[PDB]
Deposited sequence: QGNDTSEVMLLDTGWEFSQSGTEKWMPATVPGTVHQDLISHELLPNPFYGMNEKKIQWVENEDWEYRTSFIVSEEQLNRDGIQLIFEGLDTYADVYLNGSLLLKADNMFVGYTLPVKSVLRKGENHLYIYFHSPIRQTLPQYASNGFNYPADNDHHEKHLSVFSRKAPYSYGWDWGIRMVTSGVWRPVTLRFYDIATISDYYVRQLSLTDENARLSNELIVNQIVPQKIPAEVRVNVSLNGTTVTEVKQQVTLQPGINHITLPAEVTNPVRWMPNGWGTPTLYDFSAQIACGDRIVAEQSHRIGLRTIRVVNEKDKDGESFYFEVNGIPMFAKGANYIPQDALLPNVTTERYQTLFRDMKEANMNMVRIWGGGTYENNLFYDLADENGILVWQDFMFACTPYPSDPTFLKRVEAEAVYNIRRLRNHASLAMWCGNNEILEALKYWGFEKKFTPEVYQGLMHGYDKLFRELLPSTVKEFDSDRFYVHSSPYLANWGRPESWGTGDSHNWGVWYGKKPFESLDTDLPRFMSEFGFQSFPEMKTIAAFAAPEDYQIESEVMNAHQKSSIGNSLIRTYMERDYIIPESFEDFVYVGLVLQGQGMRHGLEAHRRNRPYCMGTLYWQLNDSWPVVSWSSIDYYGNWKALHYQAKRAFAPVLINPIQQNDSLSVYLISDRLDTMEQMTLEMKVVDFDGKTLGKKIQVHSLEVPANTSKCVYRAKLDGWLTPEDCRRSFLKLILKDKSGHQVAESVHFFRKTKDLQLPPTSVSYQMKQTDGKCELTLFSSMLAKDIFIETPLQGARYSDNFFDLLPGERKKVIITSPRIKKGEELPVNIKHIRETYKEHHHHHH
């Protein structure tokens, strides 16, 4: 919003495999792999078994070029700046015969002064990407040991040497595609006098009465004269000015530091999803020289406090978030990259993923450390959806080097991304890495390395995670929490450690523990736990053949990367369900299983507030069509788990929990207000619809804000017979004084495999128009865990993976832009259908 002119360098690019002298059109931002695919120079890397057939790319070097025109009038501007938001990774940048940059960190943006190198007329930009494998082979050869990075799918674990997305080398839900390229935008800015290098809105204090801010600017003045200027900051809300402040300065050549206080009286606070509005102010900083605004930069700013409380207490050491002074139970998931090829993730895909977290009642996301520091749009969407962000630095599972050069590269990326992200309302904390200290302690090592190399790794840990990173946070983001590792102390095999900080409870899945264990094995905060599923059939059809459907088949094992995969799924399924004979039915029941088991954990964590203060499941999403722990597949289809997470995260939840042949019912609220004069009503209904016994009523209930409380206990014995338990379910509703329903739940008394489910038809009527299909479903008898299956990729449902209750009609709306007036194919599956 100033006199500068920005040229986007996003057209006219060509690329070439080094040594071929053969050039073709490219798409920038982009990746080498996509550029090849677009010219049918590579097969669909996600299809079938194309993974092995695409690996060759990682051994070549790749060159990119573009030309552009500069006019005499542009060449005459005071300054001209070329900005690379992202280069993956070892890139030699040449412009007009000048080596401008030898890039070496995927996570750093580079700002380059180029006016003295540009020419009137045609200009030639030329980028040389060294193979990150061949670049680091000599480095590895000199190292004399292989770092234990099991997720790096190569004999030589080269990932640890490069500041490049860890997942790109492979992971336990991911394809190996060690790509290269101009992965974020390239801009040329022509400007006068100065640019704003950094604008930081630093909150000094916040009360209901006043927010005090400090506007900290860094201005890079490019001309040799002293330049009188006036710095102005405008604070607005919804287009209307709230306050305005200004400061006279004379800008000196080079860097200038400018600080302007501003205050907002009676500030409208940013609140997280579920507690109100994610209000964002617009803060705009301008540099005005005479009549002209030579430089402007704005941020959207949310006014709130976030405190992470991590303190010794009677239970061990707490780990929770206090938002605007109120302890906030965290509800969310771990986020991984949305694609093997990052530039392929569109604005639309980011918007939809946030819609998916918001609609599932989430208030937090963990950006896990084997991915990337996300793009600005991700954090912008987190801001406007009221989702808190836990940001790992990009270190995961393995110890890393700690030599001076390496720590210099890391320092660059830490400074860059902290300054990049620190104005976001959503940003809640930093975490040095995923599971490295656990790895060092327990994985085990010290049987794997000499004592000397082991000691070096231990000192190397401290240098990076207990010194460099926490110092950098203290300097550049001094009011945000940092912890050196997640989990920082708790280990899932060591019950004595569970009351200390956050847990990754991998007892379920890796430890083979039943889902019931989640009721007893409680953390102070669950930062990971999870369970895998095959994605639904239309997703399998994007990647496998009917031949290719047994699963531990070649491909159906090729698409599983956990240490066991599809073995474990069957093992757990047998505990609770009849294992279906057909592959398609097995896929359906596996979705149901992951949903039901995980939901039982999310409920245990909320039920056990305040001992437990959060649950973030592993994992939200997928990077490609694969078998994984995700609740949303690569094509955006919600698995059962996503619907179940939405239910389990509902602001008010009725939670029936049955153990030791007894039922308790808890009422769980994350509301900010207390509910008074409430009635819990329950009744036992058989699978034919017939009420058994009488309604049970619990009157005069209070549901206080932000609490979980037991309101009802009954022994099963004397109430229902073992036969009644396999033949009926419990219906529960909660209502206010007048009889308006605020919540409902259903409860089963036995495992699904033990239920005497009746054969039944789910019939439906359909009303189909452009973009929309409204179905009304009916079954005279219980239909268990119904799946409404359509072939349309990414179709959205008002509900799915729910029990259709006997004789009770249920409306479901299906939407997709592909739905054309004039029949959407619909296949309704339910549990009884899967066996005979």
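In this chain the deposited sequence has gaps in the coordinates at 1-2, 825, 840-846, listed in sequence order.
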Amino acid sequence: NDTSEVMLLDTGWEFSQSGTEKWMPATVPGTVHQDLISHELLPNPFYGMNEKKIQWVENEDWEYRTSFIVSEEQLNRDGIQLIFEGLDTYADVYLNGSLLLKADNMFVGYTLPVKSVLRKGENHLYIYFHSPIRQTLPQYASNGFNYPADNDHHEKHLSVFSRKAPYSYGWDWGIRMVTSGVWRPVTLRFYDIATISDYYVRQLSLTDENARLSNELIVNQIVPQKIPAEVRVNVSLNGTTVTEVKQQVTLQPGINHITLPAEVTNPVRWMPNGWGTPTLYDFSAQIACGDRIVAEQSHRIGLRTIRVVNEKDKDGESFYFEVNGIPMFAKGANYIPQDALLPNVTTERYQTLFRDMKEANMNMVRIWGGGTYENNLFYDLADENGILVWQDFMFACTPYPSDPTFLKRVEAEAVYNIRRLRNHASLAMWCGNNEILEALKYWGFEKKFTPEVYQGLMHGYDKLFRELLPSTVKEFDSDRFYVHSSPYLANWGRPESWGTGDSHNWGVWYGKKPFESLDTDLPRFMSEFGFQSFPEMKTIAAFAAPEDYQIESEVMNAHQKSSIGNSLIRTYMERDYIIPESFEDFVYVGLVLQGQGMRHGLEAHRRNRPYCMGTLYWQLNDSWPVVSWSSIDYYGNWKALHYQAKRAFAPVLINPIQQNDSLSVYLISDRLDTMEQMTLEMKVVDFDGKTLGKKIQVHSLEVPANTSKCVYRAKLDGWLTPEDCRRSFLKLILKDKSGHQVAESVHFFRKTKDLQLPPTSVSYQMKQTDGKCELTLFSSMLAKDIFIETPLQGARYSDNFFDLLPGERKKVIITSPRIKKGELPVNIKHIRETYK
From here on, numbers count along this sequence of modelled residues.
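Superpose the two forms; the largest set of C-alphas matching within 1.5 Å is the rigid core.
Taking 84-92 and 437-445 in turn, the stretch whose Cα atoms are more displaced from the shown form in 6 other deposited structures of this protein following rigid core superposition is 437-445.
When the other structures are laid on the shown form by the core, the C-alphas of 551-559 and 653-661 differ in how far they drift in 6 other deposited structures of this protein; the larger average drift belongs to 551-559. Of the other entries compared for this protein that flank it with modelled residues, a third or more give no atoms for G822.
For the two regions 208-216 and 679-687, the entry's Cα B-factors average higher over 679-687.
Taking the mean C-alpha B-factor of each stretch as recorded, 516-524 and 73-81 are not equal, and the higher mean is that of 73-81.
The PDB entry assigns the greatest CA B-factor among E584, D661, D403, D633 to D661. In the PDB entry, a CA B factor belonging to the highest third of its chain's modelled residues is recorded for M556. In the PDB entry, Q594 places in the lowest third of its chain by CA B-factor. Looking at the C-alpha B-factors along this chain, the one for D670 belongs to the middle third. Among the modelled residues of its chain, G718 has a C-alpha B-factor that falls in the highest third, as given in the PDB entry. For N800, the recorded CA B-factor ranks within the lowest third of the chain. Only modelled residues enter the ranking.
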